[PDB]
Amino acid sequence: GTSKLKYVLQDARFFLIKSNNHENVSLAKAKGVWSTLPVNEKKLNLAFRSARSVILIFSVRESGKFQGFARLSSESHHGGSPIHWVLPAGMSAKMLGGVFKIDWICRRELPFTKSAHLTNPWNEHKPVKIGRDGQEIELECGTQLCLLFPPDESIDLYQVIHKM
Ligand SMILES: CNc1nc(Cl)nc2c1ncn2[C@@H]1CCCCO1
Numbered sequence: 344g345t346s347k348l349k350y351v352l353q354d355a356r357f358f359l360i361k362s363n364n365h366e367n368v369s370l371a372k373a374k375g376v377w378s379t380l381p382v383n384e385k386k387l388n389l390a391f392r393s394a395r396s397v398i399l400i401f402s403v404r405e406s407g408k409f410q411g412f413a414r415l416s417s418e419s420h421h422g423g424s425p426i427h428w429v430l431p432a433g434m435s436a437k438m439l440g441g442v443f444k445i446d447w448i449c450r451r452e453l454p455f456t457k458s459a460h461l462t463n464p465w466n467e468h469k470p471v472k473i474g475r476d477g478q479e480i481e482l483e484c485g486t487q488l489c490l491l492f493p494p495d496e497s498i499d500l501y502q503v504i505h506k507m
């Protein structure tokens with residue numbers, strides 16, 4: 344069903360996450376972690392304290408799709424297990440040092456063609472697929488985008504709900 348998903352998305356904030364490569368999104372799905380550039384890291388840390396749920400919606404650049412979405416379960420933290428990110432042209436591990444823990448809500452893909460009817464008020468009502476890494480998505484647009492994804496029947500949202 345969709346009832347527990349709607350409960351998790353209640354009063355959530357949504358952020359677009361753009362990755363330069365598929366390898367880091369696969370690593371993120373396997374390990375439950377994400378790292379971003381310092382400007383977005385500060386934005387996400389502020390949002391984590393302010394909202395019942397912060398939702399990251401992932402899109403690999405040039406893929407024409409979203410690769411899934413996840414809930415932040417922690418603020419960023421330094422040290423800890425070193426994540427072996429594949430680094431873009433000039434993106435040292437120092438610029439990705441903060442690690443957020445995340446709980447995946449959906450690991451299924453959604454092609455951009457299926458979201459063409461959704462526009463983001465916080466990006467000049469451009470289609471929601473358009474936006475820079477870290478772009479915030481307004482509540483109503485973000486909720487409807489997350490409901491567009493195929494159900495991920497391998498995920499049990501019971502444990503996610505207890506962390507709210
Ligand atoms: C493990 N996290 C990341 N992995 C990769 Cl490949 N790229 C990233 C990541 N976080 C931010 N970016 C941005 C996307 C816009 C252009 C500069 O890079």
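When you read off a place in the sequence shown, starting at 1, and then add 343, the result is the number in the authors' numbering. Built from N, CA and C at the ideal position, the CB exists for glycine as well.
When Cβ pairs closer than 8 Å are counted between the two stretches, the segment 458–473 is seen not to touch the segment 386–399, the count staying below three.
In the DSSP annotation of this structure, the continuous segment of the beta strand (DSSP E) that includes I398 starts and ends at 397–403. Between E418 and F443, the gap from beta carbon to beta carbon is short of 9 Å. Beta-carbon to beta-carbon, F358 and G407 are separated by about 20 Å, too far to satisfy the 8 Å threshold. Counting the other Cβ atoms within 10 Å of the Cβ of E366 gives fewer than 16, which makes it exposed. At the C-beta level, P381 and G344 stay beyond 9 Å of one another. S362: not part of any alpha helix (DSSP H); member of the beta strand (DSSP E) spanning 356–362, first to last residue.
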